[PDB]
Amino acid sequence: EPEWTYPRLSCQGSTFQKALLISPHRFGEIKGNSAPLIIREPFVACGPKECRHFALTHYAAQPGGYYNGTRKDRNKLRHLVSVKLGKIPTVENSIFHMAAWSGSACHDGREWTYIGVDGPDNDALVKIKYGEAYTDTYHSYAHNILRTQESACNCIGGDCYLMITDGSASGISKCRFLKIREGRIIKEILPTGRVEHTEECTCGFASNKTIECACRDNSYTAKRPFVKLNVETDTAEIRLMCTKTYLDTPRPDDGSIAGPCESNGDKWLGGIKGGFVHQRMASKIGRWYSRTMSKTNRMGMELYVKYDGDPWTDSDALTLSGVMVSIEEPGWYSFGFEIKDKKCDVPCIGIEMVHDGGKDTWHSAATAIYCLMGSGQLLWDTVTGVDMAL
């Protein structure tokens, strides 16, 4: 049979370059003959043989007649869908995996693990599916909108880890991690440390011994909760990133939250999922992060890097590495994933570029993708090309 997947060293490179864009709505004109699915929270996850593009469709297409509701996040119609990376996510092209208004997915080397969450707000449920079969579920512990990553889970030697979180969007949401194995949950991991609010974690393997995440704190701070999970002892701790280059939105001027690394600063009520990914080298660790270009709105998107250091205690601003999206273009949830190449892993960052033209029309997303390629500086940005009045 095949073998279990493990993280290898990253492929050599030093900069990130535009790689692909998936703009389904370039094909959704009334005069056109297509039907791209209406989606949001897209993410990409790969296996040894291929990468797939996931999303949560609102079960409607463009052009269509079910646009009311597309702008909201939860309902009985939402489904986690997927197409192979490179295909346009359309009605026929897409494969519906399960009903869900929050989700994750990851390949363990053998089959795919799809995660989905749905049910009432006051009592939602995390559904786990192994390939073709529905394998397990997990209930609401804090009874306020159980939810998940919205990016890929990470599997090592057959065990996949996954952050889940229950709680108020504007208050307390203590997250927990799940060690799933072959569809079945085999251990819950209660994180230690600064746990008042951690949601939408973007996780990855810094090594075979540790998974790390840059998450969202939706109520108390503009800084980002940074999880470090020890896979050896299935223990996890959280502390705020110390860097002055605050990675959340909305947020204030860099390095303006006075105090120790642990200082929240003003609430800056709100947040956004942020891409983060590791570039493991033999004797160094490259950590890459994205941030919107606007301090206040979800416009534009920049890439940062900081080799080595403890995110928990280093105040130093991250190194700017390029503008993937400009302030004139939409920059929403961003995430990281890794393409598996013959001998090494290629770290990447996908950016959900949302089309939003009010709540009186359709609402959907495009997916831009930057990956580590050779050297130099990042050279070009991404535009969607989509005109919403077509």
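A residue's number is simply how far along the shown sequence it sits, counting from 1.
- Averaged over CA atoms, B-factors in the entry run higher in 357-365 than in the other of 48-56 and 357-365.
- The PDB entry reports B-factors from which the mean C-alpha value can be compared for 37-45 and 63-71; the larger average falls on 63-71.
- When the C-alpha B-factors of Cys261, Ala100, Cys213, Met301 are ranked from the entry, the top spot goes to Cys261.
- The PDB entry assigns the greatest CA B-factor among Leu269, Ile88, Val231, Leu80 to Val231.
- For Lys174, the recorded CA temperature factor ranks within the middle third of the chain's modelled residues.
- Ranked by C-alpha B-factor against the other modelled residues of its chain, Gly275 falls in the lowest third.
- Residue-level temperature factors show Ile156 in the highest third of its chain, judged at the C-alpha atom.
- The PDB entry assigns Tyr114 a C-alpha temperature factor belonging to the middle third of its chain's modelled residues.
- Per-chain ranking of the deposited C-alpha B factor places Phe226 in the middle third.
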